[PDB]
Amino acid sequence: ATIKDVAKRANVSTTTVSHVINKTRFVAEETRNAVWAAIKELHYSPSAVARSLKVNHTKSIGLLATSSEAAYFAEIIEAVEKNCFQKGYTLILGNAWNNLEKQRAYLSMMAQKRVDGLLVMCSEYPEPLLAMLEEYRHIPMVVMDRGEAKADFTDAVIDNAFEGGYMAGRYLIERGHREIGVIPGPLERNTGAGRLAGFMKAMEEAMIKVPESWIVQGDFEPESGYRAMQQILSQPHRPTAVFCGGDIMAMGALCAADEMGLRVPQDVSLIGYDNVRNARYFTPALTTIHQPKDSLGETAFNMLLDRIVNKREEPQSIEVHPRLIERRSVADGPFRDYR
């Protein structure tokens, strides 16, 4: 149970056991053996809390999430966790559900648990969270889902959501569309307002006016896609193409369409965003803007592990790049030939 019971059992010191265990200093084979053997019978497991107490690090990462069911997220997390395992780190997942208090509760639980660093995916960053985040300015952390830098006490990865919004609108335009609608995720999120403006840029360049009857708020969830679609597709005057700010919501956009009779992309075209793992299987296969999610995760881990190991101190920010992925949900629009 203890390094003692083991040392004793092996007729050696604990200092010796600790040396064989951690291969920290030369040790006679027979000794080594003897130690292992005792470790076996004893059925010993080194307490990492004991060693952590001494060594000052826990070899563990704290993930202050929002939620982990949402495909998007689920995908990043599984990414993060993989780089944790690759590099010995243990992962502690905290879905704060956009709840300040819960955020408070996790950040603390984390700090007490003394995580080597913090990976931040809160979606929304109002001042009180920004505020709270700074107390923990001491523990090394990277905020993986924001716009710019409202930080200076942090590491960040930027997703270029604007340039994705815009990639989306452009394609719709390059396909013949001009009566386009949009359902954005929450405007308090980067992946919300960010994508939206990207897209909106595109329209103004195209001089395409976007009627408010055609912009309906989503929340990244299926029911919001459904409701939003249904709302745009039920205008007396409806668009020819829709930009849905998140695939999952998009999926719920397809559901409405079909249920309302309209064919996609024959009746309406739909371009989504994220390129979730199973969008290729949406019906019809979803055309969307893809987010390098695996790389969003690893670039975060790796960006954090650095501050930790190399004890780096100057705030960093690495960009990642969204790319269009043409599937089967967008059809040429009316202006395709006039260009």
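Residues carry their position along the shown sequence, with the first being 1.
Of the two stretches examined, 326-334 and 10-18, the record assigns the greater average C-alpha temperature factor to 10-18. Annotation for 165-173 versus 100-108: the higher mean temperature factor (C-alpha) is found in 100-108. If you compare the C-alpha temperature factors of 233, 200, 144, 248 in the entry, 233 comes out highest. Listed residues 130, 183, 208, 77 were ranked by CA B-factor as deposited; 130 comes out on top. Sort the modelled residues of the chain by CA B factor and residue 43 lands in the highest third. Per the deposited record, the Cα B-factor of residue 117 falls in the middle third when ranked against the other modelled residues of its chain. Annotation for residue 150: CA B-factor lies in the highest third of the chain's modelled residues. Remark: residue 259 belongs to the highest third of its chain, ranked by C-alpha B-factor as recorded.
Ranked within its chain, residue 87 lands in the middle third, by CA B factor from the PDB record.
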